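Below are two forms of the same protein chain, given as structure tokens: structure 1, then structure 2.
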Structure 1
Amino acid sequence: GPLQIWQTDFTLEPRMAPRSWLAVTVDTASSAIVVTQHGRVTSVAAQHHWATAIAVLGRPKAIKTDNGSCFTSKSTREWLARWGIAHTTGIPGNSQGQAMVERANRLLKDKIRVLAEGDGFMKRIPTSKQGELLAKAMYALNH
């Protein structure tokens, strides 16, 4: 739709190392999730994530995040303005701007663990298998 409001954060998932930082977006009205893998939490990683999320879900009206450096930076402020997307920040875990994405963090990590163990991976997923496993987890949660 034309009035989406997203919540975005980062969560660490060592099953996906070396690119173990998962950037996670939930669309607040639909609950759809987009997830991407990153080697580090940086302003540019957030921006790469949102570029992917726009290609999957469409362009949102606003994004809610916490007040960490990758969200409060001049870089990210300009990227969001470039796209015409509004942005509000708050404290880590604030229920208003972040509780839904915290729940998606946990749903994703549980699903990644179940799929991985099912394929016989009890610890880190082999690098060559990670992309398809992450995409299967996203498919499964969105169904």
Structure 2
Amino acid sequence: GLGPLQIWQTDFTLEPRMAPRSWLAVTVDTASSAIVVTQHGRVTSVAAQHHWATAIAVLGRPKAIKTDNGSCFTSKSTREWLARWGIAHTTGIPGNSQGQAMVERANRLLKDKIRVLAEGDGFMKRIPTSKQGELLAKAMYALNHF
């Protein structure tokens, strides 16, 4: 059968409404356009690995993951975690090309959706910590399943 390769794009984006764990790791599966998001307190190699561990459970094992050159992505620790799994790690193409547009678009939509849902629940600033998990899951659902 002919179809798209299982290649992911992953990035981190800061969302203060979700503080203290305001670092959102976002993965777009370019083959299905599915979006997986998890929240973290810091942008470390270990946060990137925990995110992908969750994404693999949800989406399955990809052939390759495209990131920018953030240190959590280029560290020895992360290089070794990806090798343990047999996942190729790659980056942006030259030729005046940018990092990864699909995942940057997803960052924006995600942040828009979080704001819309939070304000509907009456949270004009930071979402109360005990409400964050379900609101994030509701944002992911809306971005994925119609």
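Residues that one form lacks are left out of the comparison. Structure 1's sequence is the ruler for residue numbers, which start at 1. Heads up, when I say rigid core I mean the largest set of C-alphas that superpose within 1.5 Å between the two forms.
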Looking between the two structures after fitting on the rigid core, I'd like to know which of 84, 118, 58, 92 has a C-alpha displacement of 2 Å or more. 92
Could you state, for a rigid core superposition, the Cα shift of residue 30 between the two structures in Å? 1.1
What is the magnitude, in angstrom, of the C-alpha shift at residue 46 between the two structures when the rigid core serves as the superposition reference? 0.1
Residues present in both forms only, core superposed, 2 Å C-alpha shift required: which runs of three or more differ between the two structures? 1-3, 89-97
